[PDB]
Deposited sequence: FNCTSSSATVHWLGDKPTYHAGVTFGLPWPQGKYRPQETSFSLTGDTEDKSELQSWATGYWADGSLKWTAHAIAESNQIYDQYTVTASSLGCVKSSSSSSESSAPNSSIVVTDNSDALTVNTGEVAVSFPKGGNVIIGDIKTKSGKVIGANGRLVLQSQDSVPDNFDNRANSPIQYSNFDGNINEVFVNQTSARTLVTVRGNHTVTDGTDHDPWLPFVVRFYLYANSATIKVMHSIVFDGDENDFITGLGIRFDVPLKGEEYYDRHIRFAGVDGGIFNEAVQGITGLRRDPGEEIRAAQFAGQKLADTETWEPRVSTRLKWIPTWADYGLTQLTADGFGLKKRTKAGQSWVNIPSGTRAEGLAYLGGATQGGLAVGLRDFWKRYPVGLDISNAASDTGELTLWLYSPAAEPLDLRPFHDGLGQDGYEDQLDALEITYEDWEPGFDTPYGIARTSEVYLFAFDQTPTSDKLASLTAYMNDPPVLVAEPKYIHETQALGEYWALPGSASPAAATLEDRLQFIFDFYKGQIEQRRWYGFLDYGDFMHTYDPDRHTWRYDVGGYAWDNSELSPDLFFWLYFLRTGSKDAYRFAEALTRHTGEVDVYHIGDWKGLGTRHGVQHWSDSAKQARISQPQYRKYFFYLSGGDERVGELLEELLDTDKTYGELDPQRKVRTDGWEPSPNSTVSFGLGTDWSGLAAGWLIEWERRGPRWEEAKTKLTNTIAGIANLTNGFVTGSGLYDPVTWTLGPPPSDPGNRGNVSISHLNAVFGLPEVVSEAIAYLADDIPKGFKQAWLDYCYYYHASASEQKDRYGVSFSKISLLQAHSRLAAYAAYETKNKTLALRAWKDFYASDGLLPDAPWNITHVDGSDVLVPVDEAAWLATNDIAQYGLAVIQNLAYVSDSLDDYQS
């Protein structure tokens, strides 16, 4: 028969790297081109392939591919897909106890139960270089009021271990993913029930001794659980190794490395030999002692032996480093520095060893690294994701309620700090955070140049990506954007400006930390020259008005590394820390506030899977994000437990059991719809359900009289249908407009759902959408002639310009296009003749020098960028017509 074939080409995200340890990348395909399992793939050899997404007709939409570690590194990789009629391997082995993965360079064994995540790590030769990878956690039960209170407020410490429940394996030749889940169980200390659920993923690639370790946790503790240390630990066997042949290294600042031995032979009073000393520094096995100069070799007993080393990064700006002969002795402080790049190695020239490290180490402070008992038969190497040298992690609420009593008071407080408080809602119960850890194995102590390289690898892991242009052709990732007229040029320069300022504010406002890193804030205080870190709703942004959409689309269009890294970090924060992953509110995220979990507005607009979609697919179906997207399918359950509109709805409705549940058609539904469309696209375990709930609710909305202009609907949790809201039992017509409904993914989700449903789209839905896009900011007359009232509380007109643009493009209407551009250039948001620059502030006005743009807030820049991107993609033809 026929052959349908095509090529697609994948490039390195920034500069071509000098080292990579295997990579997984994604590739989109046009609707209807290639059948799954039928279509073969080759790289420029056979190429590890698998599907992450499917079109509605079940053809391939996104794939994921993997290549082995190789020192041949090319500029472009070309994947050729060929249909049915056209013309280095990992070895996993199974025992009763444990599963072994062997890449050709390392063999790592994962037990199937117990408190040891990794049994041992061997190199090619077979020598054990590390053993007993284990999770550590320690906690306390009280916290003292202040430092003075420690004398009359005892502390009870508890250590814990990772206990395994399930081990899963996804084996291919090129890469194997081991997924280990469990809980943290007590060991020593005061007694405590199992808590702090974990999942730890291990990506092994063929021909690599680098292991990427995605480590995720859910906080399920309460008010009395104060995390004290969090980390990963290995034993490093040293027994047959002369102390002068045992090596310690830490990564330093930039490309630095600290280079010591457990028994130092350099810097002594006597010279063993110039060759010998240079060998120690180089991590080499020293010559036989018979060649040393005897005034040294006869005196080794008098040269101290250094068992413990500890690096502590407690601010984003400074680290301490210290070492100790053994316990019971004081530590000797070591010359330290600002920002450790966050890798440590323990091992030997003969026995080999292990480096462990954390990506973005100092940006996720307080962290640390420990070598211990390096004078013993077995040393330990520990990575602290949270350091005990830091203050205990206190997630409890930042204020006590202020004497607020009921919805009247809370809504009043809302008018001043923009925080909508409620008791019991200011809770971290069920948040998460994923930490990207790296293990490197070595047959012998490696060179310093090598450790610095693997350190830099870790902090900027190579990424392969599709050409932006190719992505656009396929329509596999939205149609609401195009690739980058003098007027348009200054739109792009303005997006560049927004991006440069936000990337800059991360550093200047010091938006780093275990949980904080990734987010940014909402509104600025012009008097104090700070962002409003301490005023209610004006603090951490938590995806308010879809900055996630802006930043990801900004990456798609450009292919910029900086863009990808900014959006990646954002995604790793807002998807983990700003949403609940367990409990009654599971699948909701929390409105912008002072803590990431302080506000009472738990809503699906924060936990909005559209925000993670672009990263899910571009990363090659990142499994952690995959898991997170599956969690959000239980978001509909919450409307039975919690009414997001509970404080302000006027119609007397409340949730009862076995009843229908209310939700908005823009805010809430946009998040549900997107969850359902992603699962459908993925064909996951719950895809038939997802297709039914999306398909029904769409038909629901079409068969409402006023369509989207209806405020909300009533949804059935058992039958999965959508009917009129409480105050219109007979679907005669309700009008309830909100300025929030469109700005959290609605148009993006709807355009994707319309395209995906193809000829099966419920009659009149597309037109109900066009009706919203058209009449939101039409004249009050055109509104009263259509729905009987004019739309009262309209605002965000710049932000809604991209709706007019959608309708304009789709209805081929040049008049509407000009109204869209008029709304963009001459309503609100960021006017074109606003200051469009930064002002520098220093001296006694501020703690440190900063750049500011008091004239913008994050609500403005997110919707400005989305408007620009979308207005240009839909109606750049009418832009020149608008300027003249």
Residues of the deposited sequence that never got C-alpha coordinates are 45-50, 94-106, 504-506
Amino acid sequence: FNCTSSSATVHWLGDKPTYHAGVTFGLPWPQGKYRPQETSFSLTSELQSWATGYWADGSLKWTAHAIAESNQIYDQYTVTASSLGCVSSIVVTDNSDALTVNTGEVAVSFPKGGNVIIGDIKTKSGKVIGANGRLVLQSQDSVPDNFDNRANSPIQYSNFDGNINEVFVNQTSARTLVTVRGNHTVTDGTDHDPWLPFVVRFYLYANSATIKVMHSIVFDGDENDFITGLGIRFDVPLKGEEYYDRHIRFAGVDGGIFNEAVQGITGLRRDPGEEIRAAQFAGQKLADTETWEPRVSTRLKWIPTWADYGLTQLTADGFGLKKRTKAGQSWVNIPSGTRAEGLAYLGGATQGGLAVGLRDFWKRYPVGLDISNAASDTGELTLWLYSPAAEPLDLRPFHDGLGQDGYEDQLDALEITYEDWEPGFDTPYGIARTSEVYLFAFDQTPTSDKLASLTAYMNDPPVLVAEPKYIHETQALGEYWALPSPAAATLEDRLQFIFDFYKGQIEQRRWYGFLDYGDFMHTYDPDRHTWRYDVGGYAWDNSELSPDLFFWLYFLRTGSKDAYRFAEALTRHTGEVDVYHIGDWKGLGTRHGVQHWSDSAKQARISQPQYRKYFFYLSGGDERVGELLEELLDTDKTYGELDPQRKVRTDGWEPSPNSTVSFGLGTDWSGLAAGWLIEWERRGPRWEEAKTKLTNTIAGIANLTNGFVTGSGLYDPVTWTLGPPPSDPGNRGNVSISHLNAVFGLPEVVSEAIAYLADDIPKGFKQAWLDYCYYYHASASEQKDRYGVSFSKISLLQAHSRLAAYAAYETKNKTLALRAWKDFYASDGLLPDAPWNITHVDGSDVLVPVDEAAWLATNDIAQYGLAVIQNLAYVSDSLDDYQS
From here on, numbers count along this sequence of modelled residues.
Averaging the C-alpha temperature factors as deposited, the higher value of 615-623 versus 406-414 falls on 406-414
Higher avg CA temperature factor (804-812 vs 537-545, as deposited) belongs to 804-812
Per the deposited entry, the peak Cα B-factor within the set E748, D760, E341, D519 goes to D760
Among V178, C86, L393, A282, the highest C-alpha B-factor in the PDB entry belongs to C86
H739: C-alpha B-factor third of its chain, per the entry, is the highest
On the chain's distribution of Cα B-factors, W62 falls within the third called lowest
Of the three thirds of the chain ranked by Cα temperature factor, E631 occupies the middle
So, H592's CA B-factor, relative to its chain, sits in which third? The lowest
In terms of its chain's C-alpha B-factors, the third that includes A873 is the middle
